[PDB]
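What follows draws every value from the coordinates through simple rules; no lab data is involved. Every residue, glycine among them, receives a Cβ derived from its backbone with ideal geometry; neighbour counts consider all protein chains shown.
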2 protein chains.
Amino acid sequence: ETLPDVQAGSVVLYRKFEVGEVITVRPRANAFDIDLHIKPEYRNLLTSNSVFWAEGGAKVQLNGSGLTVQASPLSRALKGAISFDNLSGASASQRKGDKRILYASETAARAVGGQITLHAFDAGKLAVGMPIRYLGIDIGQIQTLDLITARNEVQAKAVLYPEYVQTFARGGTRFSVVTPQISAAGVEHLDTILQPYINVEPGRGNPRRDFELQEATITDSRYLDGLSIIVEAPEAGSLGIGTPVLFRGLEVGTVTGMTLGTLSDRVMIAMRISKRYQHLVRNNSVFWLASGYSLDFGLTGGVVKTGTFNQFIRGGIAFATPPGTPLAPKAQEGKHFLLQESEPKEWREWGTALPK
Amino acid sequence: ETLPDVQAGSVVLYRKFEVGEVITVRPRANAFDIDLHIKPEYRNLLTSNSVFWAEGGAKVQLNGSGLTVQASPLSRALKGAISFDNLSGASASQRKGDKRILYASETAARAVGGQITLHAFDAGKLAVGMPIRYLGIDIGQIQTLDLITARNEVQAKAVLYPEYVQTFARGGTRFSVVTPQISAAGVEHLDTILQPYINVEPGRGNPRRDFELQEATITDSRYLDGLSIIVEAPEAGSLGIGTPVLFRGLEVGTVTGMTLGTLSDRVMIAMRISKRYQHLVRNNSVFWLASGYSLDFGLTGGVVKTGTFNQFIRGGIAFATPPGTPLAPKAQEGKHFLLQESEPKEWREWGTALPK
């Protein structure tokens, strides 16, 4: 439909190596036609599962560290060239249209079946070419941004590479942007300042391939595949997303999210505890809010303490198990706990034996 | 009228592809004339709704990430070239003038009907080429800046792309710049430091196409299409634009603006509450000011708390609903509330059942 780069007389590439030749840009009223010459032995090597992608001009290929340019003839440097390669499931590209379609780049030539669609309310963080990462590994990329004013949202259509298209996009898949934060909570992300990406949690179910871009989550990356615990509290307090959960001062997990209840009388606080520390919680495991500095004034003599701990900056939930010679069973995947407003004196003196 | 780029002998482009040739720069005393050659089949393809835009020299096309240059002949690299394309409603460009007019760039060639005019008091943030964005999507651009000293203001004439010219500029459309902030309130905008833009709220009414650039608003972007609530207070206090409104500690909305009353005895504070949290407020929903740290000294023993919460930095309004077995109806689009100077003791013990 469009040929911005294509110039007549340019060279055909294969694995960034020259075999073949572009000869003709034959125009039509609705959709322009391009004609290519390749050798008779290699046209027998040509497959019906072949994709053609074009690139034009000279890219300096900056990319931070290395901006080298490859061994290039004057035929790319003067005229917009075309490369090609085979792949496994490219038969659908020949099912559609009358003839093969020339994709605008190598990324769009891999966009057969792996093309998904997101729905975001604010595209202020999104960008064209923004990579979708899983565990810091590039597994996808946004290629366009469509604004709709009929329903006031932005449809972001992205791609997934064909190795990960089956494992991901299975429904219940949470797409979340990462972003620089400057607030009451300290910043943990520095590469996102220069180059932001999208973290993703996989799911299980039906291949939906229609998604909603969720909010910026912090808990999910470091504390993953853990026991989900819901605790109901009268007040929010200094709690937030990223607030650590502490066991004898050791950070075992963090708060996933905060939501109003089904009845608006208690806020529910979702947390996850790590797998190695999952066994610590029991059905008798009382929570208490440990936020900020708590110190007791003294009349005869005044003892004061400034720990400069993390709970002052983000106010954490701390717990311990009361001693019982019959042990209560483990906490369920869904179970509600009652937070204690005061820190119980006894927890220093409990000494609860938790094996393994 | 002006031809800075045009050079005789240059090439005619179409979709960044060469067909045709510029032959003559024929001068006149008042307005210079340019003559173009195109092929006989393509001049039949030429339409009365065609726009011509010219670009000269070689642009490195830096643009942050990619600074590649396209496949270009020496005819652009030596001489200022001319491209063209059709569009739908370009008949007005041929109604004006004797012959077709050559626009200075591709953006000015799309500026037919979509050209609006702003009135700003200070053009210290504005710039030529500054994009007008809606939900982070580029939907417009400032192209010139005109200073008037008869009335001491700056007229900024901008463009809108023809897809969004009908949906936007409908009257009641609020144009507001975004800007880096370094003040008592924490900074949320980091891309604006490098590249500032203009956020816009659409409106409903008559196609005015004459606007006033409003002040830098913070509430509008994140908290949008919500229930507007006016609260009158004796004092301003630590309130400001961006100050959150809290329900049981959860941020449900923010303060839109602050204005003196019709009678200067009470300041009015405009806020919006989000759609999912809109049902929480009722006709009996008392406000109170929760700003800074409030702690009670103890004579026998002194309890102190430092939450390190957001309300210390920007002093928020918190509320809860008193319990009533007949429920009062929802808050109106315009209704005045009375802020309580002291936090009522009872709100912890209210336990008001708010469904859905």
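May I ask you to list the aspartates and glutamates whose Cα is less than 17 Å away from that of A:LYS39, ignoring any residue fewer than eight positions away on the same chain?
A:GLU18, A:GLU21, A:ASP85
Which value, in debye to the nearest 20, gives the size of the charge dipole of the protein assembly as shown about its Cα centre, when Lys and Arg are +1 and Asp and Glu are -1 at the Cβ?
About 1480 debye.
Mind checking which of B:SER75, B:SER264, B:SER285 has the largest fluctuation in a GNM of chain B, springs on alpha carbons under 10 Å?
Top of the fluctuation ranking is B:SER264.
Need the C-alpha centroid separation for the stretch B:1-61 versus the stretch B:206-233, integer Å.
For the stretch B:1-61 versus the stretch B:206-233, the Cα centre distance is 45 Å.
Please report the net charge: other residues with Cβ closer than 12 Å to the Cβ of A:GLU212, K and R +1, D and E -1.
-1
At B:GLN166, label 7 Å along Cα→Cβ: distances to the other copies, nm, ascending?
4.6
In a Gaussian network model over chain B where Cα atoms closer than 10 Å are linked, find which of B:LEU224, B:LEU46, B:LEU13 has the largest mean-square fluctuation.
Per the Cα network of chain B with a 10 Å cutoff, B:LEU46 tops the list.
Could you work out [θ]222 nm for chain A from helices alone, using -39500 (n - 2.57) per DSSP H run of at least four and dividing by all its residues? Round to the nearest 500 deg cm²/dmol.
Result for chain A: -1500 deg cm²/dmol, rounded to the nearest 500.
Relative contact order for chain B: what is it in percent, counting Cα pairs under 8 Å that are at least 6 residues apart?
11
For B:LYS96, go through the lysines and keep the ones whose alpha-carbon is under 23 Å away, minus same-chain ones fewer than eight residues off.
Of all the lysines, those that pass the test against B:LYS96 - Cα under 23 Å, at least 8 places apart if same chain - are B:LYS157.
Express the relative contact order of the stretch B:151-201 as a whole percentage, based on alpha carbon pairs under 8 Å and six or more residues apart in sequence.
36
Expressed in nm to one decimal, what extension gain is obtained for the pair A:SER342 and A:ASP85 from 0.36 nm per residue of sequence separation less their Cα-Cα distance?
So the chain would gain 85.8 nm between A:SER342 and A:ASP85.
What is the sum of charges around B:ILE101, taking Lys and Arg as +1, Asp and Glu as -1, for the other residues whose C-beta is under 13 Å from the C-beta of B:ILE101?
+1
Between B:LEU327, B:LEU45, B:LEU78, which gets the highest mean-square fluctuation from a Gaussian network model of chain B, Cα cutoff 10 Å?
Comparing B:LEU327, B:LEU45, B:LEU78 in the GNM, the peak value goes to B:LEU45.
What is the local net charge at B:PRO355, summed over the other residues whose Cβ is closer than 15 Å to its Cβ (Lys, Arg +1; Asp, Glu -1)?
+4
At 7 angstrom along the Cα-to-beta-carbon line, where would the label on B:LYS96 sit relative to the other copies? Give the distances in nm, shortest first.
Result for B:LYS96, in nm, nearest copy first: 4.0.
When each copy gets a label point 7 Å from Cα toward the beta-carbon at A:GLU1, what are the spacings between them in nm, shortest first?
Shortest to longest, the spacings are 3.8 nm.
Round to a whole angstrom and tell me the spacing of the C-alpha centers of the stretch B:289-356 and the stretch B:71-86.
If we compute the Cα centre of each part, the gap is 67 Å.
How high is the FRET efficiency from A:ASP191 to B:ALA29, r the C-beta distance, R0 45 Å, rounded to 0.05?
For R0 = 45 Å, the calculated efficiency reads 0.15.
Starting from the amide H of B:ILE82, placed 1.01 Å from N in the peptide plane, find each other amide H under 5 Å away whose residue is 5 or more places distant or on another chain.
Residues meeting the criterion, in which the H sits 1.01 Å from N, are B:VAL11, B:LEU13, B:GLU55.
How big is the Kirkwood radius of chain B, worked out from every pair of different alpha carbons and given in Å to one decimal?
By the Kirkwood definition, the hydrodynamic radius is 25.2 Å.
Taking the Cα centre of chain A as origin, work out the dipole magnitude from +1 charges on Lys and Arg Cβ and -1 charges on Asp and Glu Cβ, in debye rounded to 20.
Computed charge dipole of chain A: roughly 820 debye.
Would you grab the residues whose amide H sits under 5 Å from the one on B:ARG174? Only those 5+ places off in sequence or on another chain, please, with H modelled 1.01 Å from N.
Distant-sequence amide H within range of B:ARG174: B:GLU201.
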